[PDB]
Amino acid sequence: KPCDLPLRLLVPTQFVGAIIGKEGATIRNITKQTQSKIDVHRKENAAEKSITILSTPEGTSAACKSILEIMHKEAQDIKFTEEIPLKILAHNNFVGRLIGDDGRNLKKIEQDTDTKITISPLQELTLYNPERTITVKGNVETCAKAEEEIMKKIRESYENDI
């Protein structure tokens with residue numbers, strides 16, 4: 001107690017500049033306000049960079065929601081009309097509670113949030129990337145609530161491992 005698995009996101013490279021901000025001001029502000037460690041890494045491919053967030057369950061969600069706001073706000077200013085999905089990366093070993101019983105908890109979460117949630121096919125991953133991509137289509141507030149309940153279920157697998 002409490003759980004130590006990070007939230008990993010895949011965000012479009014479009015919106016990374018705004019998430020970091022000028023002089024790294026935006027990202028630092030989010031780490032202060034959420035007490036998180038946020039690190040932005042290139043990803044071998046997709047035109048996306050990964051964002052790793054180590055914090056408490058709640059600060060993680062607070063940080064995720066801020067990133068969703070900034071992404072959506074940035075999407076307005078470059079006239080990006082499409083809905084920007086939230087893509088959570090989750091290690092395959094810890095997705096059993098989401099995909100288990102014909103994806104019951106996945107569809108449960110869909111219904112509770114008004115989101116369309118899709119998980120990348122097992123076959124798509126490599127030995128260099130064991131993380132499944134969980135794509136949540138919705139909107140800022142609905143994607144963030146969806147992140148809370150997805151990461152709850154991912155942490156349930158992790159904390160009931162063996």
Side-chain angles (χ1 to χ4, degrees), residues 2-95 98 106 109-110 113-120 124-155 157-158:
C3 186
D4 58 344
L5 194 69
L7 170 62
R8 302 208 185 167
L9 300 179
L10 271 175
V11 307
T13 313
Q14 295 95 291
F15 312 116
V16 170
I19 295 155
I20 296 157
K22 296 182 190 188
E23 304 275 38
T26 306
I27 187 160
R28 279 201 310 284
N29 203 284
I30 299 159
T31 54
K32 290 176 70 189
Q33 181 55 31
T34 64
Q35 300 91 65
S36 57
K37 179 170 183 282
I38 304 172
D39 305 305
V40 185
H41 309 304
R42 287 151 201 252
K43 283 291 295 192
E44 210 158 24
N45 52 48
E48 297 167 328
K49 297 184 94 168
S50 60
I51 302 171
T52 299
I53 309 157
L54 185 48
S55 175
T56 57
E58 296 89 339
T60 297
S61 292
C64 185
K65 194 179 192 176
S66 299
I67 294 160
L68 286 165
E69 184 258 291
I70 291 157
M71 284 193 297
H72 275 259
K73 175 178 169 287
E74 184 69 7
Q76 304 303 135
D77 303 348
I78 61 171
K79 307 188 194 165
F80 187 91
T81 176
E82 299 89 338
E83 291 289 352
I84 62 100
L86 178 65
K87 295 190 178 183
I88 298 168
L89 289 164
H91 192 280
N92 194 58
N93 291 15
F94 318 126
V95 307
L98 286 173
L106 186 144
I109 292 160
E110 279 191 316
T113 51
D114 297 303
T115 51
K116 299 181 292 193
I117 291 168
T118 288
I119 189 163
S120 56
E124 260 182 17
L125 78 84
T126 55
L127 38 38
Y128 277 39
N129 179 34
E131 309 198 275
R132 304 288 287 286
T133 292
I134 298 159
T135 307
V136 190
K137 296 182 183 185
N139 106 125
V140 170
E141 49 264 66
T142 59
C143 290
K145 192 77 206 186
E147 177 276 332
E148 288 175 24
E149 298 296 322
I150 288 162
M151 285 298 302
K152 272 185 199 176
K153 292 284 162 298
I154 297 301
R155 289 188 211 98
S157 300
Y158 177 86

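Here, residue 1 is the first one in the sequence, and each next residue gets the next number.
- Within a 6.0 Å sphere centred on NZ of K43, heavy atoms belonging to other residues, nucleotides or ligands number more than 12.
- Scored by the side-chain hydrogen bond (donor to acceptor under 3.5 Å, both in side chains) test, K153 finds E156 as partners (sequence neighbours excluded).
- Heavy atoms only, all atoms of each residue included: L7 and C64 are closest at CD2-CB, 3.8 Å.
- In terms of heavy-atom proximity, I19 sits nearest to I30 at O-CD1, 4.4 Å.
- A pairwise comparison of heavy atoms in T13 and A47 identifies OG1-O, 2.8 Å as the closest pair.
- To the nearest 0.5 Å, atoms CG (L106) and CD (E149) are separated by 12.5 Å.
- The backbone N or O of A62 sits less than 3.5 Å from a side-chain atom of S66, completing a donor-acceptor pair.
- Here the CD1-OG1 distance, from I67 to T34, works out to 8.0 Å after rounding to the nearest 0.5 Å.
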Is there a side-chain contact (heavy atoms from CB on, under 4.5 Å) between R155 and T60 once you walk through the steps?
CA-CA 12 Å; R155 289 188 211 98; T60 297; 4.2 Å; yes
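- Residue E44 places its CD atom among 12 or fewer non-hydrogen atoms of other residues, nucleotides or ligands, all under 6.0 Å distant.
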Before you tell me yes or no, could you show the steps for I154 and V95 under side-chain contact (heavy atoms from CB on, under 4.5 Å), namely the whole-Å CA-CA distance, both residues' side-chain angles and the distance that decides it to 0.1 Å?
CA-CA 6 Å; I154 297 301; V95 307; 4.1 Å; yes
I'd like a table of donor-acceptor pairs (distance under 3.5 Å, sequence neighbours excluded) in which one partner is a side-chain atom from residues 125-142, with atom names and distances.
residue, atom, partner, partner atom, Å
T126, OG1, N129, N, 3.1
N129, OD1, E131, N, 3.4
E131, OE1, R8, NH1, 3.3
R132, NE, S120, O, 2.9
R132, NH1, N92, OD1, 2.8
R132, NH2, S120, O, 2.7
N139, ND2, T142, OG1, 2.6
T142, OG1, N139, N, 3.1
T142, OG1, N139, O, 3.3

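- Interatomic distance, CD1 of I88 versus CD1 of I150, reported as 4.0 Å (0.5 Å rounding).
- Counting heavy atoms from C-beta outward, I53 and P6 have side chains that stay 4.5 Å or more apart.
- You'll find the side chain of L54 stays beyond 4.5 Å of the side chain of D39, heavy atoms only.
- Within 6.0 Å of atom CD in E69, more than 12 heavy atoms from other residues, nucleotides or ligands are found, so the atom counts as buried in its surroundings.
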Yes or no on side-chain contact (heavy atoms from CB on, under 4.5 Å) for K49 and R42, after CA distance, side-chain angles and deciding distance?
CA-CA 5 Å; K49 297 184 94 168; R42 287 151 201 252; 3.9 Å; yes
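- Atoms OG1 and CD, on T113 and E148 in that order, are 10.5 Å from each other to the nearest 0.5 Å.
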Any chance you could lay out the side-chain contact (heavy atoms from CB on, under 4.5 Å) test for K145 and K65, step after step, and finish with the verdict?
CA-CA 9 Å; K145 192 77 206 186; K65 194 179 192 176; over 6 Å; no
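- Taking SG from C143 and CE from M71, the interatomic distance works out to 8.0 Å, rounded to the nearest 0.5 Å.
- Residues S55 and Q35 bring no donor and acceptor atom of their side chains to less than 3.5 Å of each other.
- Smallest separation of non-hydrogen atoms from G21 and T26: CA-OG1, 3.4 Å.
- Taking all atoms of both residues into account, the shortest heavy-atom contact from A18 to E74 is CB-OE1, 3.5 Å.
- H91 pairs by the ring pair (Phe, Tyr, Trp, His ring centres under 6.0 Å) definition with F94, not counting sequence neighbours.
- Here the CG atom belonging to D4 is positioned 12.5 Å from the OG1 atom belonging to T56, to the nearest 0.5 angstrom.
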